[PDB]
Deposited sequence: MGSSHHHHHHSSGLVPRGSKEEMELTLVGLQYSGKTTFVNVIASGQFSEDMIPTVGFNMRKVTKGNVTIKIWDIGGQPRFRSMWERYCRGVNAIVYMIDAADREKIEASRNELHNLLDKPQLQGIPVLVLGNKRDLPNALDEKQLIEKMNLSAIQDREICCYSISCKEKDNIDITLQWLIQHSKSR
């Protein structure tokens, strides 16, 4: 039956947030995308240091948080891990499901799902449902399963 849901998309700069929205369809960009009888309102929020203080506010009240990672940029994983754990530590975000996406699977040296889970310390995240997929926006790889997970959280 016809529904609407809301997602906030975060993660470091260059991880592929805006690309992902483009494939599925600056400080902020809001877009609505319709899939599987569901209209998804997406907040694509900047990942540069100066925008990270606004992540919490944009995440409050959403159906799901999508956390984008450049899985091939291994140097940035530590920072990515830190920002994700710092975000999920904010009490007002208690219990919101999080989908962690290891983007750029098409590139040499891309971390797989196991490596992302371990290196991002996802297993430590206890208050909520958390999922992690390896994807390529460029080659449209594992985009379908990502959309299915999102739609399943339309509530």
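Several segments of the deposited sequence have no coordinates for C-alpha: 1 to 18, 44 to 54, 185 to 186, numbered from the first residue.
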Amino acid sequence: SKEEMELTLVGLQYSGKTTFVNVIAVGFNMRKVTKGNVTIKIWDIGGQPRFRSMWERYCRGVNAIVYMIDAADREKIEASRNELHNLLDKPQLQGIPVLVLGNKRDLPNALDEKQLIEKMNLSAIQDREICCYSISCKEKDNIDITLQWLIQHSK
From here on, numbers count along this sequence of modelled residues.
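When the two stretches 35 to 43 and 112 to 120 are set side by side, the higher mean Cα temperature factor goes to 35 to 43. Just going by the entry, 124 to 132 versus 93 to 101 on mean CA temperature factor gives the higher value to 124 to 132. Within the selection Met30, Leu87, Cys59, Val66, the deposited Cα B-factor values reach their highest point at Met30.
In the deposited entry, the Cα temperature factor of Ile24 places it in the highest third of its chain's modelled residues.
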